[PDB]
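This report concerns only the one structure given below.
Cβ placement follows ideal geometry from the backbone for every residue including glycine, while neighbour counts extend to all protein chains displayed. FYI, it's all coordinate maths here, none of it is from the lab.
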Protein chains: 2
Amino acid sequence: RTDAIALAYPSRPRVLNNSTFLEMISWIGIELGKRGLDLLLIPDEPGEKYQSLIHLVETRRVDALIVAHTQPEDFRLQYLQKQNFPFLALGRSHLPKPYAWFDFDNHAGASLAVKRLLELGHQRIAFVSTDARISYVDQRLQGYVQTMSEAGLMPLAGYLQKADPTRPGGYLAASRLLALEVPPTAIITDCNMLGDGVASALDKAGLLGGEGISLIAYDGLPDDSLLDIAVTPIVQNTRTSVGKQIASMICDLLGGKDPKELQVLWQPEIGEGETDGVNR
Amino acid sequence: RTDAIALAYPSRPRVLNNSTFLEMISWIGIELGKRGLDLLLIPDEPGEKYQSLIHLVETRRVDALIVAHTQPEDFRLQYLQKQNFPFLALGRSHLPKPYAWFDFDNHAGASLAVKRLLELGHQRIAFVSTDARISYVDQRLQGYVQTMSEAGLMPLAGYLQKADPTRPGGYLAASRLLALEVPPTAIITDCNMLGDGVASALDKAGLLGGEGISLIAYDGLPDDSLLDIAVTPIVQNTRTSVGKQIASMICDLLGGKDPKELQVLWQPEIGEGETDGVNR
């Protein structure tokens, strides 16, 4: 026993390495530290070759691994499973057999936001999806497409919009949505940064709140938004909450229990806001 | 020899734990990893008691320490020096004897921005300082006050403005500056987040660029600003640049050389922008 845990995250795409991410790391460390375990941090070189991970796995400098930014086909989880090294995956990849994972129901989150706008009378619901190959994105995407599919709605051209997950990302997304022959009457963004962007553009044009275009944003507006509007959110869960949930599973894993049973899936909820309204 | 390095950073104030910070960590890790050394990460519990640091120092799980977010009187550097443990300080605290530190010249950065605005004909230069007890802040503050002192200018009431280092921080700072009986003709912010705030408020009122109020921001605008204006910056240096500079010093320190000589101070420069103009 070494009593060290490694957390592996890729340096690229930089944008996804944000303050909320650093916060989760922060609490991974504290909570493992509460339970007497050290946190080895391994950022992956721009390249995604994961040499230091392998080094760690071969050299056994570490008891188990925490894997951030899961992809649907993720080569480093594949490597781990293959090598029968203990790991907890923060996300869900496709793998030939069971594995230890922790994730939120993204599919359900996006669905919730569709179900809500439908119930309010909207049919032209657009969706702004982050342009990254991380599992959570496909899943939020899948939510929106499938839910729209059910209740028989062919989503119109340009309504599914891919954006670099940034305020400028959302702003331009919004600009494109507003420019279509028949613009959407409500928008969903799949992150808070896109949310603030979409929100700012709609604000500039006077189309936010009121009889204007409705908006649902995953995680609401950023803590540092310049808008004084309550944007209806898809609420996940605090970072302190998840950091502790992770340390709890790592200890259980080291206790040597079947991955089959370390599959925790938390459910997002739909919050309150001034921004989801009846279709006019 | 353990071959592990610890990096200690406090969880609070959360705001200072931003994406640029995570980026620096990212490259600390990679660059030490290039040189065969592991990165133990120790976030400090909200509390700033640094128990896990002490634990690490007592238990010797680690060869040396990297200390982030220096304060002018910082108890954990004091602890280290006292215990004759090797450490590199990312910042400059007051200490009874020499120590290994790496810092930028903040005093010089703020001075540069004052010197520049003075040379452009400004006398009513305001300053927006982050409300945190980190050494870099006092130093940027000291820059502005001293430079104004020289060239005989009593800075007017309300011109030195303290703000939570956020876009809403800068926006409100700007609102207060604009509300004074005799508002400033140029503003300096001590971080890019304040910069975007100050910049957005001035934009909303039509006072950005042109014959309007001049602006200099430390580190320019954030990568994700919604403004299409070049704000004159005080340029520091890339994160990849500093991450490598750190690993280089840690190896030198472990090579067992006098801290007296591991005192690297890089100089900020003044960049280009559309935003620093002659006083009209």
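For segment B:1-49, just say rounded, prolate or oblate: build the C-alpha gyration tensor, square-root its eigenvalues into a ≥ b ≥ c, call rounded for a/c under 1.5, and beyond that prolate if a/b exceeds b/c, oblate if not. Since a/c reaches 1.5 but b/c is at least a/b, the shape of segment B:1-49 is classed as oblate. Cα centroids of segment A:63-86 and segment A:146-210: how far apart, whole angstrom? If you average the Cα positions of each part, the centres end up 34 Å apart.
Basic side chains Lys and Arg get +1 at the Cβ, acidic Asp and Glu get -1 at the Cβ, and with that the dipole of segment B:28-149 about its Cα centre reaches some 240 debye. Other residues within the sphere of radius under 15 Å centred on the Cβ of B:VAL182, judged by their own Cβ, net out at +1 (K and R +1, D and E -1).
Is there a simple number for the mean count of other chain Cβ atoms within 10 Å of the Cβ of residues in A:35-48, and what is it?
5
Here B:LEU160 yields copy-to-copy label distances, from shortest upward, of 5.7 nm, the label point defined as 7 Å from Cα along Cα to C-beta. Close amide H pairs (under 5 Å, H built 1.01 Å from N) link B:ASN279 with B:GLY121, B:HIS122, residues at least 5 positions away or on another chain. With the highest mean first, a sort of the peptides A:10-16, B:58-64 on other beta-carbon atoms found within 10 angstrom per residue produces A:10-16, B:58-64. Taking the DSSP beta bridges in the protein assembly as shown as the whole, what percent of them are antiparallel, to the nearest 5? Roughly 5 percent of the beta bridges in the protein assembly as shown run antiparallel, per DSSP. Is the shape of segment B:130-225 best called rounded, prolate or oblate, per the rule: a/c under 1.5 gives rounded, else a/b larger than b/c gives prolate, else oblate, with a ≥ b ≥ c the square roots of the Cα gyration tensor eigenvalues? Here segment B:130-225 falls in the oblate category. Each other residue within a Cβ distance under 13 Å of B:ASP105 adds +1 if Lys or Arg and -1 if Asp or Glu, for a net charge of 0. Beta bridges from DSSP with both residues in chain A: antiparallel share about 5 percent, rounded to the nearest 5. Computed from Cα positions, the angle between helix A:192-204 and the longest principal axis of chain A comes to roughly 20 degrees.
Averaging the sequence gap over all C-alpha pairs within less than 8 Å and six or more residues apart, then dividing by the number of residues, gives segment B:152-225 a relative contact order of 32 percent. Here each label is just a point 7 Å from Cα along the line to Cβ, and for A:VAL278 and A:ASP223 those points are 3.8 nm apart. Each residue, A:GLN83 and B:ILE270, gets one label point 7 Å from its Cα in the Cβ direction; the gap between the two is 5.3 nm.
Every helix of 4 or more DSSP H residues in chain B counts as -39500 (n - 2.57), and over all residues that averages to -12000 deg cm²/dmol at 222 nm.
Inter-copy label distances for A:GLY47: 4.0 nm (label point placed 7 Å from Cα along Cα→Cβ; shortest first). Less than 15 Å Cβ to Cβ from B:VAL128, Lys/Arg counted +1 and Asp/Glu -1: what total charge do the surrounding residues give? Here the count lands on -1. The angle between the Cα long axis of helix A:106-119 and the longest principal axis of the Cα atoms of chain A comes to about 20 degrees, rounded to the nearest 10.
Indicate the gyration tensor shape class of the protein assembly as shown (rounded, prolate or oblate), computed on the Cα atoms with a ≥ b ≥ c the square roots of the eigenvalues: a/c under 1.5 is rounded; otherwise a/b larger than b/c is prolate and the rest oblate.
oblate
Relative to the dominant Cα principal axis of chain B, helix B:239-254 is inclined by about 30°. Computed over segment B:151-280, relative contact order equals 22 percent, with contacts defined as Cα pairs under 8 Å that lie 6+ residues apart. The number of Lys pairs in chain B with C-alpha atoms less than 29 Å apart, excluding pairs fewer than 8 positions apart on the same chain, is 19.
Label point of A:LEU95 (7 Å along Cα→beta-carbon): distances to the other copies' equivalent points are 4.3 nm, sorted ascending.
The trypsin sites (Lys or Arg not before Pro) of segment B:128-216 that DSSP puts in a loop, and whose beta carbon has at most 13 other beta carbons within 10 Å, are B:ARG133.
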